[PDB]
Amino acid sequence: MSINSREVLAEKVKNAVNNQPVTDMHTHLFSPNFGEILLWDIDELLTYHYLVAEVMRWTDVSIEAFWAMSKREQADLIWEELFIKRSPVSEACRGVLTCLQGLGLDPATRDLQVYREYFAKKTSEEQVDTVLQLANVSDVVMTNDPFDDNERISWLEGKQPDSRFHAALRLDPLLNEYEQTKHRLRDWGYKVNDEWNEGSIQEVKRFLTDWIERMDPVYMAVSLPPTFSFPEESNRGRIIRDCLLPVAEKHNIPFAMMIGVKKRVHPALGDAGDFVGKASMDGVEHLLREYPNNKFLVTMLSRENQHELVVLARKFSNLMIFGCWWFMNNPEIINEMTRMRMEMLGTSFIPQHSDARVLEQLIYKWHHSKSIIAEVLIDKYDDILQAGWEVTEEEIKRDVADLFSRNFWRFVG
């Protein structure tokens, strides 16, 4: 038959959404065999940079003093300032609670000591199994930076990630800081010249090719400022034009662009010091139109870029938009973004990614987003149901699978 009641439909959508294994196509997590770079712990959750920014709006403790404290002390301060002295109603604070509850811990007691004991008696491998199970995440895409001495080592040592973890080649240093990076390249055997000649071009391409072969990335990525433009006679513009795009096309690897971040407007805050700005769509429009054989994954930081980004996706099939990034990762914005996207793109987009920096975040990141996405799906199905259309649970499971996993794998080939 078909679904005949609004209740069955809802039960059906929520169940399908909750049961669908998720492919988180963009995170800052690492296969557990990569070592300490994989962050997890209630102390890591509480010291997430989102919460550092928030605690600094309340506490009288200087930023210097904060950075001087131990992670445990920072966590204690954040807990006291954001959870005890004021209700933890922000999205980031709410998330910490969702993680605790999901792990079987009880937020009702506010017993941070007891919460810590839970983690003290587990290994990274165990927690990963636990979390991926609780968050129903089957595949995690990492952010792998070959310019980070730490991460760099494991890749050179031939270490391969857990089969549940996939690599993504981060190129920010190369594209945004070529002047300083070119020195490290030549130091690694990549003889780039001071002038952008065929020699420099071939060496940069070799660097990319070497790492593509080494990581077997699902895509190459870069985060860009509000002022991003293309074409552009700059190191970034030339590298993208002469090296990145050609290589990406040859290996049929998508180019992921996270646009709109204004770095370090408040240096002292570190990762919590980045701001946002609306970008022009001209550069993305040009890339999509002039490079029809290249695939692009895009997410933008400014609320004001979201609707036009959806419209751009209507224009180019070689564009796949994804997630509600950072400052967009808040219920009010996730909801409006997801509705605009489905209304203009049907199911041809990737609703969300976690951008998790701490393992446990996969729990709240996906739990918070799934309930909103389910609500949107229920309304959209109810609307065509009202129009006389019949939908089957199989069709819903199909649609949900496309949104949470298939659209991505299908796009990166």
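Here, rigid core means the biggest group of C-alpha atoms that superpose within 1.5 Å across both forms. All residue numbers are counted from 1 along the displayed sequence.
Of the two stretches examined, 150 to 158 and 170 to 178, the one with higher mean CA deviation in 4 other deposited structures of this protein after a rigid core fit is 150 to 158. Judged by mean Cα B factor in the deposited record, 94 to 102 ranks above the other of 94 to 102 and 330 to 338.
Once the C-alpha B-factors are averaged per stretch, 182 to 190 and 226 to 234 rank with 182 to 190 first. For the set 343, 172, 195, 285, the PDB entry assigns the largest Cα B-factor to 195. Per the deposited coordinates, the residue with the largest Cα temperature factor out of 273, 158, 88, 277 is 158. Per-chain ranking of the deposited C-alpha B factor places residue 379 in the lowest third. When all modelled residues of the chain are sorted by CA temperature factor, residue 38 is found within the highest third. Among all modelled residues in its chain, residue 323 ranks in the lowest third by Cα B-factor. For residue 304, the recorded CA B-factor ranks within the lowest third of the chain. Only modelled residues enter the ranking. Among all modelled residues in this chain, the alpha-carbon of residue 153 has a temperature factor (C-alpha) in the highest third.
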